[PDB]
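First come two forms of one protein chain, each written alone as structure tokens, so that there is a structure 1 and a structure 2.
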Structure 1
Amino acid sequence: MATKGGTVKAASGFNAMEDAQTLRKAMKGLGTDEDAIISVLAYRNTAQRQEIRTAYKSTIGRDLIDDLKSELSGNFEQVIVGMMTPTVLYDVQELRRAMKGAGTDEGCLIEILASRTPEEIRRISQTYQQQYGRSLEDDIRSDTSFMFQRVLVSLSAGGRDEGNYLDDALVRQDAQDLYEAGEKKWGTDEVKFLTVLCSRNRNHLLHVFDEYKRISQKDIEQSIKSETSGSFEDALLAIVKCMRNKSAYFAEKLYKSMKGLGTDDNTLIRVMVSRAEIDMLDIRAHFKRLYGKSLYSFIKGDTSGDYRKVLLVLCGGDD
């Protein structure tokens, strides 16, 4: 009830070798058995899917992920491969993809860097270096600029204060500083905003937000919107939403990824996959609260085929 949890749980009586043979069997003939692949992979958690990769490489003597890529395509392949990717590496590969090539997927960078915990970020930074031979900070600096770059670099350090300690004097001054640096200033001391928003512990910031409303008669979101713009504004706003309620933040991302013509499949897939074993239950609750419709109704109405089948398993039910 409290921290609801994920929608993908460990399968009972798990046998990695058996599941591996099922997948091998499913990809052996003229025409792939997609439902068989789903029946196994969507119903095993990330840890179990890894044991299946190992077992597959043993008995079969082949790479499970590469073979799946050879028989699958489109969005169905993208979601399956994501589900097959180890937790930290998945985020790493998403950040890399967000920056590699012309332009940058700002939404993805902001999303991962603003919603991941200090500990999840340190792991991400370490695996990014391992995977690509350059630091995450290095690539951020190469793909982004100015204050947006500045904030992303700070988030990538994973240095936010931990704990829930409330230093009242600090809360009052932070609110005052943010007020002096924005509303009462011609222009904006953007580094003060990013510094306060990136380094203070969650509880502290929630109280800073209240104190700021108290002295300025404006929500910090209203001032951020009126004081900043572009990607810097987007980053700052994401940080605030993730501080107020992370599950609600993702609910809104899901909504926005499907609302309107077509689908932002990259966002839809990344969110469903990355939060399936963490707070999908809470995301579902917040999603229906915010929009009056279940996340299930949206996924079913925006997708089809095998891709839709897998996404609905990650959703884990209607509301």
Structure 2
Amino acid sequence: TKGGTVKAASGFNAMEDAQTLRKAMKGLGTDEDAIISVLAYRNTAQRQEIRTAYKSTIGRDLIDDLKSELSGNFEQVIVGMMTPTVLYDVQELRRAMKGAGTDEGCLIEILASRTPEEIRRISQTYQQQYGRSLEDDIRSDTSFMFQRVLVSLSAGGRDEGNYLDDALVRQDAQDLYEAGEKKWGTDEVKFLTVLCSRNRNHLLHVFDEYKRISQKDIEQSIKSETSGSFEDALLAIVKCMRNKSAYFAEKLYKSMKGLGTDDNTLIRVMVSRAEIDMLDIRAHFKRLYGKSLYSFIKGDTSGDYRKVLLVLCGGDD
């Protein structure tokens, strides 16, 4: 509703930007501020035009140069910014699954918050890039009910449109209420089938009906009736169906509120949402947490890494 912080620049001159960036890198050292002052003030599409212009104006490769000159978390953010939107998601999913470990939080976040149409583009691109099925990789990297949720989301087969079947909304709400009072454990299949199959309008109506019949929010019941990564995935679906901006505020809060910082999450959220809904994220952050997002980033990061994240945030003093 308020939208993003990062917008398409006016007066955009790709060749001039190419020259600014080369000047920033050429010779010993780097002018990191100059890099920020260009890249954080162009949108992702414009940054692709810079890449093209850099080859033809400078006779070099921009990403290669950035990678050579920069390091650490600042390099990660800048290279992130330079990556086409779909490919960035693809590469984040790959990173989350590569090796014996898994970044489960990353999988949840992307697969719960992207639309089916976005998931299909991601899935296609992952297949083309790696010659691997996204669904098959997810299936390998996760287990049990958590796997069922993530495989379903990755398959991108949720009902679409906004058709409202009042009788089915009622039935679903009742079914979820009963699934929670089954004698020998929650019926987790009912939860995951409703939450993974139904269209958004329908689910928003189920959530309201569930509260009407149970006097409890569906999130409260999820928290008391499920556990583990499976719980976390179901909560992510619900939160994303209600208000994805709020979900991402929560993701940012959790990435910073502890001792230390979940940089991978902070970076991905800030890069991936700066053009979509960062102003809404900021608003919801302030409501939930009574502090500005800006102040959290300022307090938990430093250096050029801080600088660029604060430009992505927008604001604020």
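Numbering for residues begins at 1 and runs along the sequence of structure 1. So that the term is clear: the rigid core is the largest set of C-alpha atoms that superpose within 1.5 Å between two forms.
Single mover in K218, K100, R172, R123, with Cα shift of 2 Å or more between structures 1 and 2 when the core is superposed:
Spelled out, the residue whose C-alpha shifts by 2 Å or more is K218.
After fitting the core, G133 CA displacement of 2 Å or more between structures 1 and 2
Where the cores coincide, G133 shows only a C-alpha shift between structures 1 and 2 that is less than 2 Å.
For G163, does the CA position differ by 2 Å or more between structures 1 and 2 when the superposition is done on the rigid core?
Comparing the forms between structures 1 and 2, which are aligned on their rigid core, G163 does shift its C-alpha by 2 Å or more.
Core superposed, what is the CA shift for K185 between structures 1 and 2, in angstrom?
With the cores aligned, its C-alpha sits 4.3 Å away.
Once both forms are fitted on the core, what is the Cα shift for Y43 between structures 1 and 2 in Å?
After core superposition, the C-alpha of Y43 moves 0.8 Å between structures 1 and 2.
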